[PDB]
Amino acid sequence: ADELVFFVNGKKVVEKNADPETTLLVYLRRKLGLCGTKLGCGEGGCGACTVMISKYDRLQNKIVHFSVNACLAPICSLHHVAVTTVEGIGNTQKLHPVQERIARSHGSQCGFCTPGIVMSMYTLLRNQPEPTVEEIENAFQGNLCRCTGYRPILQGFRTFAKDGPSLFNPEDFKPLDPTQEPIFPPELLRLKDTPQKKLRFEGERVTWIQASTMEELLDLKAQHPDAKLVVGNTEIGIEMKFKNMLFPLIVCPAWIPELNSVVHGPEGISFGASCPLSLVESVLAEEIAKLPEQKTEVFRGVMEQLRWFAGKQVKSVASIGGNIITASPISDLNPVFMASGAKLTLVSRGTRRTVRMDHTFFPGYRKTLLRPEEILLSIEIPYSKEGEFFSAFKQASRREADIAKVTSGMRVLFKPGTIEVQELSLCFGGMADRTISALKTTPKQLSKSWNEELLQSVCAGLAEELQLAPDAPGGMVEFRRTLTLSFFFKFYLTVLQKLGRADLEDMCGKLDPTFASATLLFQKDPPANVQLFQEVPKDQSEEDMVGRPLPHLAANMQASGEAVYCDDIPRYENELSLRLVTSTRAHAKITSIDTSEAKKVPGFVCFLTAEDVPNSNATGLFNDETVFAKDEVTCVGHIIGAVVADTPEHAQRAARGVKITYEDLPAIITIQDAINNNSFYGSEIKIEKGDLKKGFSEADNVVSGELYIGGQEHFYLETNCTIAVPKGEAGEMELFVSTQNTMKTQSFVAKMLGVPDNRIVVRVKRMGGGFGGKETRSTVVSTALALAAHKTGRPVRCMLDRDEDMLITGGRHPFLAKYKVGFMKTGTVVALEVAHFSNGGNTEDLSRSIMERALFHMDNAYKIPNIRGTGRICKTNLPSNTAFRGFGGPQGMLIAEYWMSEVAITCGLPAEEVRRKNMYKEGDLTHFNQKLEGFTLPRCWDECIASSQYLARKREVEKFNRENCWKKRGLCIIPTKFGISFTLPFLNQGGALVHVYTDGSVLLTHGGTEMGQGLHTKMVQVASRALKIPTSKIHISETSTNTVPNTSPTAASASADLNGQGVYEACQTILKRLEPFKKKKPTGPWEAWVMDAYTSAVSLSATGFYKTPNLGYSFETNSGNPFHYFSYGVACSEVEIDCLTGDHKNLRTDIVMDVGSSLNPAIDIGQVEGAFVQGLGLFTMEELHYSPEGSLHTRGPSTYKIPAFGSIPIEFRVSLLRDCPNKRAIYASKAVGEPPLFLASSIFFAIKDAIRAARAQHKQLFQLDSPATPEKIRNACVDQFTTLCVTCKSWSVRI
Ligand SMILES: Cc1cc2nc3c(=O)[nH]c(=O)nc-3n(C[C@H](O)[C@H](O)[C@H](O)COP(=O)(O)OP(=O)(O)OC[C@H]3O[C@@H](n4cnc5c(N)ncnc54)[C@H](O)[C@@H]3O)c2cc1C
Ligand SMILES: O=c1[nH]c(=O)c2[nH]c(=O)[nH]c2[nH]1
Ligand code: FES
Ligand code: FES
């Protein structure tokens, strides 16, 4: 047959013409209109596309449920399954407990990840209605969230756990009733009786065969060796989508019973090749639990690899054979299967052979010794024998859901009753183009005794055998080499212990108890979290929600997937799709463009270039950017043109048929390239105070050095998206955009078209994250699309894929700092000179303002009487860098804390003492001459140091450190000051419009956009207090250029301060109009006043506006206030590093934050944790790599590792400072968005201390660049392993 039949949320689907290249995500969203399930990445990393599958399993004879990534599930694999999406478990009329709890617990901010997390938690509960805390965290390994910091999500779902004033009340949560879950489609139960027959699906390019029997599979492969096997599609899905490979014949064997069997034999367990590795997990788990330790050494090796193997979504469908035959050089399983010589059985039509995975199974890049007509039937995973021990290792950039840098299986077999080596196997991933054995090192150790000589021998061997070319793909050559020695050392120590417990301690020797911690398998304690905030007064009306923890107004709809993001908006019947075509060279003239292949693609409409621009090709904030490339491209990812087509699939294919010819031009990539070439955005910026010559002469000590700070991708989970709708009259156009900047979107589209602004309407409902990345760079999509719509007279839409978004839109500015600080022996700093260099990319954008903010913050919290800061903004052939939460502040303040760390240690005084005595006091002037009034930072400091019990913890850390050789702890307390207001004064303005309808209901709008920070929630809270009506009677629908004009972007943490005042004033005007009707009827209700004013013909509409008074700094005169006030905060953080791998635990973080009198402590704490965890990523995890030719390598969650559920401080405590009203801002609040982010430097400097301790154990003022990744941490822990590894064309360059 050829009809595809499955169910979605209980509703039957018959697809008569199923295309093999159609993903379930595309089918749900575009074909069925169910847009709760989101696209976040397309590569199986983010889990925003998570849905549940149910089916009758023919083999275990029961209904089963598991989770999948819809983005990677082919609909042609889903015959006779039942899909459940977020829409199928509940809605706002009747939320499922999962939805209720994530929403009420403040677990949904921007809302974009909330459906996929719901669906992960939902699936766990359908499998296990009483899970453990462990099982709950484990459920979300495949789910990323960029806003919340994860804490509230876990805290809310802890209420489900078997073994489980305040922000929420878990006792109002309605109970789970599993009888109320949706029926498994009866029809699917009826069909379980019928045998499965072979299916054939035919699309544009691809034919899919679903083989029902092994005979059919082997026949097909005999007659057509070229048929591509697809099982989980977790590899092929990626090959097709990201490496533009096309397999025109696919066969899916997933149904075949022989490929799904589990047979327990004498030598081990044999898994069918199509067994999902989730089934491998459950089988080996049960086996490990019931069998003796002695014979489950290999099994435990596999389970250890599978712990750190993606998450539940991938492992549900990913097959064991899948991973083997893919032959990735970084398989986590193949090293283990090889090290254990696992038995693989192969078959074709009328042949069958068995072999042991050794080095010959993997001959070359991505090849196996399988013949083209042959398929893998099964892998036996062996029982271990007496005197046989195994370890598995993996080090990445992040523990969870990451791809190996180095990964290994290691096996030793001892001659019986001995410590003499019979067999040894050391196999590695990530060290060559294939899984390799250390064949030249292993044989030398035969019959040797397991001792310090074998340990040194093997290490010398691995050092010589596992060479890396400096060009070697992936880089990190020293770290990768070190890792192989380090893993073997752990194996060595582990074997000693295992010998020990076999009663041969007398022969091999005891383990020094300070080495024991080396061999321990990763374990985390259960989390503990604390949230402290201030109750509102006794007096305050229960209808006055200002200061109360009101949940985000859209939380319920976000958990239900009813909240509408831009691409969720239904398509017009005549709507077209746009796809950007981008430069693949950093600097080069465009010689020619050939659209000849692009036109052959069915659906192609046109290719837009500079020539099609009606009016101006000059755009960007400083008018120095092209809408489309004209003559030369100036970065890899420079936008050249845009394809327009009927569908996105057709737009993408057509876009591949635009062939461009280039002629290269001198490229300027790095900060150094830029310095050498004097290529800069404008002149040097400078702040200078006191006498620098004097200060340095007086200083007992002077320290000099450099610090590099890597950039950051925003990874808003909703990428950039615009729909442009042309109106056909007078140049009128309406845009629906995920942007923080409606005004610039409007202006840029207007100018590009050559029509006045009054013709262009930009509408923003909400964004799934912004973080500064949608302050300006959203417009490169908006303009291309506006043009397509103008040209065609048709609606046009573009949502960027994650790879596109990451390449085109740029990030946080990398900084290079050169510093010279002079101080006394007491720790007091008397002179500071710091040169700052940013890499700004190929347009000015916000770069100059960012450098200004960095300089405004080079003091951090410290009075420095003699100080000189300069910044220079490099102009390079890279994507233009832009605003990222902090806007140069974090960069500024890290440099300050870096040299401050070096002062502390040069003086041999405690860090905290040196910091405290250097701290400004109330009434002081900054280096830019602004008075610090209401300086709460000391209170923040004294509270945090006391509540975190900093001094006692110091002692515990010191103790751990001298009792452990290969693990070390560090502890650091970091303050911050953050200035509040746009560096550009006139941007400190906002507007509101309010209407009161005759039913008494209020429709409010202001210039701010909602991106998950809870701005609308806050403004509703404000309006409610202002008008003295319940929040229930006030609504905000959207943000729009034709309701409030000339709005500043939603940025600089300012948007609640500005819009809050606007809203307030709009409400004051209304109240003034209602006054006389209130006097006549003081008790009669709101509705009566309103209807009275209407029937007396009094206006019930009003604008409101606010400007921040008394702002304006001058760099000429070093006078005037840049800031309206300052945010202040302090964080104490503890880490434990692994000295042999570079991995670390974030053990505990304590934050005290001054948000004034919080408008909303639930949102404010959320913003603290969110900001903090972004900082955490910036300073420890998140790293962007570029080729020396300036091509971003790092384009997806696979290779760009943001903080995961497992990344957050195990113990995470946030307190909002009590009794600190900030009268100048709306209802005595303070901004909160950005200031907390820098406090994650506490973890950077805590890692610093741990490294220092590791160095003393095995050069002072050692270098630690940001981000402090595994690579840097491990490389800085110099030891006998690094020293034997350490000593051109290369994969990447430091930009
Ligand atoms: C988000 C994400 C995270 C990942 N993390 C990891 C990780 O941590 N470690 C890791 O090692 N891998 C990882 N992978 C890779 C992938 O998940 C595994 O390699 C997986 O086992 C592939 O199995 P599959 O069934 O999806 O293979 P498919 O993609 O269906 O097929 C893969 C290849 O195997 C072939 N094939 C499948 N079965 C057979 C058979 N019986 N005989 C012959 N050929 C066959 C196919 O033709 C194809 O060439 C990750 C992938 C994703 C998307
Ligand atoms: O002073 C600022 N100006 C901005 O334009 C901006 N954008 C941002 O994210 N933070 C800041 N800060
Ligand atoms: S969209 Fe499917 S995993 Fe990210
Ligand atoms: S709230 Fe999770 S990505 Fe925004």
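Definitions and limits used
- Residues numbered from 1 in each chain as written, not as in the entry; some residues may be left out.
- Chains lettered and ligands numbered in written order.
- Part of a larger assembly, values for the part shown.
- Heavy atoms only, no water.
- UniProt positions renumbered as here; feature names shortened; annotations may be inferred.
- Helix = DSSP H or I, 4+ residues; strand = E, 2+ residues; numbered from the N terminus.
- Buried < 20%, exposed > 50% of the residue type's maximum accessible area, 1.4 Å probe, protein only.
- Contact = heavy atoms within 4.5 Å.
- Near = heavy atom within 4 Å.
- Polar contact = N/O pair within 3.5 Å; in protein donor to acceptor, adjacent residues only side chain to side chain.
- Areas by Shrake-Rupley, 256 points an atom, 1.4 Å probe, with all protein chains shown as cover.
- Nonpolar A, V, L, I, M, F, W, Y, C, P; charged D, E, K, R; others polar.
- Pairing = 2+ DSSP bridges.
- Axes fitted to C-alpha atoms, helices over the stretch in contact; angles between N-to-C directions.
- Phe/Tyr/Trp six-rings, centres within 6.5 Å; stacked < 30°, edge-to-face > 60°.
- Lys NZ or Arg CZ within 6 Å of the ring centre and 35° of its normal.
- Disulfide = S-S within 2.5 Å.
- Parallel < 35°, antiparallel > 145°, perpendicular 65-115°, else oblique.
- Left-handed = near helix turned anticlockwise from the far one by under 90°.

In the PDB archive, X-ray crystallography is given as the structure determination method for this entry, at a resolution of 2.15 Å.

Engineer: What am I meant to see in the UniProt feature "binding site: [2Fe-2S] cluster 1" in the protein here?
Structural biologist: UniProt records the feature "binding site: [2Fe-2S] cluster 1" at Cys 41, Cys 46, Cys 49 and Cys 71, using the numbering of this structure. A maximum C-alpha distance of 10.3 Å places the annotated residues, which cover 31 residues in sequence, within one compact spot. You can see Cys 41 is positioned in the loop between α1 (24–31) and β3 (50–57). Note on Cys 41: relative accessible area 6%, which makes it buried. Beyond its immediate chain neighbours, meaning those up to four positions away, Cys 41 contacts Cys 46, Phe 242, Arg 802 and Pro 1197. The exposure class of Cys 46 is buried, given its relative accessible area of 3%. Dropping the residues within four chain positions of it, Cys 46 is found in contact with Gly 40, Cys 41, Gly 142, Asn 143 and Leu 144.

Engineer: Hey, could you run me through the site of ligand 1 in this one?
Structural biologist: Not every one of the 30 residues close to ligand 1 is listed here, only the nearest: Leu 229, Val 231, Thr 234, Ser 319 and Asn 323. Between ligand 1 and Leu 376, the relevant distance is 2.9 Å, taken from a nitrogen atom to a main-chain nitrogen or oxygen of the residue. The protein chains hide 91% of the 990 Å² of surface that ligand 1 would expose on its own. The set of elements that each furnish at least two residues to the shell around ligand 1 consists of β8 (228–229), α13 (320–326) and β14 (375–382). Broken down by element, the shell around ligand 1 gets its largest block of residues, 4 residues, from α13. Looking at side-chain class alone, the shell around ligand 1 contains 14 nonpolar, 10 polar and 6 charged residues.

Engineer: Even after reading the chapter, I still don't get the sheet that holds strand β43 (residues 1125–1138), so can you show me in this structure?
Structural biologist: Backbone hydrogen bonds hold the strands of a sheet together, and the pairing may be parallel or antiparallel. In space, the 5 strands of this open sheet follow the order β19-β45-β44-β43-β37, with mixed pairing throughout. Looking along the sheet, the strands with just one partner apiece sit at the ends: β19 (528–532) and β37 (967–980). Shown here is a sheet whose adjacent strand axes are inclined to one another by a mean of 10°, direction ignored. Bridge analysis of strand β44 (residues 1144–1154) against strand β45 (residues 1211–1216) gives 6 bridges, and the strand direction is parallel. In the strand pairing of β45, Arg 1148 is matched with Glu 1211.

Engineer: Is there a simple way to think about the sheet that holds strand β13 (residues 351–356) in this case?
Structural biologist: Reading across the sheet, the 5 strands line up as β10-β11-β14-β12-β13 and stay open at both edges, with antiparallel pairing between neighbours. If you trace the sheet from one side to the other, it starts and ends with β10 (262–264) and β13, each paired once. Neighbour-to-neighbour, the strand axes of this sheet turn through a mean angle of 20°, independent of strand direction. Bridging between strand β11 (residues 268–272) and β14 involves 5 bridges; their strand directions are antiparallel. Within the sheet, the bridge partner assigned to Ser 270 lies in β14 and is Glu 380. Set on the sheet, helix α11 (residues 297–307) makes contact with β11 and β14; between it and β14 the angle comes to about 120°.

Engineer: What is the right way to read the packing of aromatic side chains from this model?
Structural biologist: We describe a pair of aromatic rings using the distance from one ring centre to the other and the angle between the two ring planes. Under the definition given, this model contains 39 aromatic pairs. Where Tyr 150 meets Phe 1205, the ring centres are 4.3 Å apart and the plane angle is 45°; that geometry is what we call tilted. According to the relative accessible area criterion, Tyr 150 is buried, its value standing at 0%. Taken together, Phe 856, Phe 928, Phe 935, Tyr 1113, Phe 1115, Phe 1123, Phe 1126 and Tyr 1128 form an aromatic cluster joined through their ring pairs. One residue, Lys 295, lies across the ring of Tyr 383, its end atom 4.5 Å from the ring centre. The residue whose ring lies beneath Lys 1145 is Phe 522, and the NZ or CZ to ring-centre distance is 4.5 Å.

Engineer: Would you take a moment to explain the state of the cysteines for this structure?
Structural biologist: Linking two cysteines covalently via their sulfur atoms produces the bond known as a disulfide. Under the criterion given, the structure shown has 0 disulfides. With no disulfide of its own, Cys 1220 lies closest to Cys 940 among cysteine sulfurs, the gap being 7.4 Å.

Engineer: Would you mind showing me how to read the packing of helix α23 (residues 742–753) against helix α24 (residues 779–792) here?
Structural biologist: For any two helices packed against each other, one specifies the inter-axial angle together with the distance between the axes. Across the interface, α23 lies against α24 with an axial gap of 9 Å and an inter-helix angle of 45°. The pairing of α23 with α24 is recorded here as oblique in orientation. As for how α23 packs across α24, the hand of that crossing is right-handed. Two secondary-structure elements touch here, α23 through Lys 744, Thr 745, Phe 748, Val 749, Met 752 and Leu 753 and α24 through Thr 779, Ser 782, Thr 783, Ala 786, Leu 787 and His 790. Classifying every residue of the contact of α23 with α24 gives 6 nonpolar, 5 polar and 1 charged.

Engineer: Even after reading the chapter, I still don't get the site of ligand 2, so can you show me in this structure?
Structural biologist: Neighbouring residues of ligand 2: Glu 775, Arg 853, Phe 887, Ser 981, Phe 982, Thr 983, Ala 1051, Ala 1052 and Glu 1234. Between ligand 2 and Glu 775, the relevant distance is 2.8 Å, taken from a nitrogen atom to a side-chain nitrogen or oxygen of the residue. In the environment of ligand 2, an oxygen atom lies 2.9 Å from a nitrogen or oxygen atom belonging to the side chain of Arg 853. Protein burial of ligand 2: of its 290 Å² of free accessible surface, 96% is covered by the chains. A per-class count over the shell around ligand 2 returns 4 nonpolar, 2 polar and 3 charged.

Engineer: What is the right way to read unusual backbone geometry from this model?
Structural biologist: For residues that are not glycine, phi is negative in most cases, and the peptide bond is trans in most cases. Across the junction of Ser 1266 and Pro 1267, the peptide omega takes the value 0°, indicating a cis bond. Tracing the chain through its elements places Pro 1267 in the loop between α35 (1241–1257) and α36 (1270–1276). Here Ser 981, not a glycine, exhibits a phi torsion of approximately 150°, which is positive. The backbone of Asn 1046 shows a phi angle near 65°, a positive value even though the residue is not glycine. By secondary structure assignment, the location of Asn 1046 is in the loop between β41 (1039–1040) and α32 (1055–1080). Classification of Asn 1046 by relative accessible area gives exposed; the value is 52%.

Engineer: Explain the pairing of strand β38 (residues 989–996) to me, please; I cannot follow it from the model alone.
Structural biologist: Counted residue by residue, β38 has 6 buried out of 8 residues, so it is predominantly covered. Where β38 lies against strand β39 (residues 1002–1006), 5 bridges are found, and the strand directions are antiparallel. Opposite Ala 992, over in β39, you have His 1006 as the bridge partner. Taken together, β38 and the strand that follows it, β39, pair antiparallel across an intervening segment of 5 residues, in which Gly 1000 is found at a positive phi of about 90°.

Engineer: Help me understand the environment of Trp 1089 in this model?
Structural biologist: With respect to the element layout, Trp 1089 can be found in helix α33 (residues 1086–1095). In this structure, the C-alpha to C-alpha distance between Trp 1089 and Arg 939, residues 150 residues apart in sequence, is 47 Å. Apart from residues no more than four positions distant in its own chain, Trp 1089 is found in contact with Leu 1074, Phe 1077, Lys 1078, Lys 1081, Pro 1082 and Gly 1084. Within the structure, the side chain of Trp 1089 is placed 2.9 Å from the backbone oxygen of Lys 1081, a separation counted as a polar contact.

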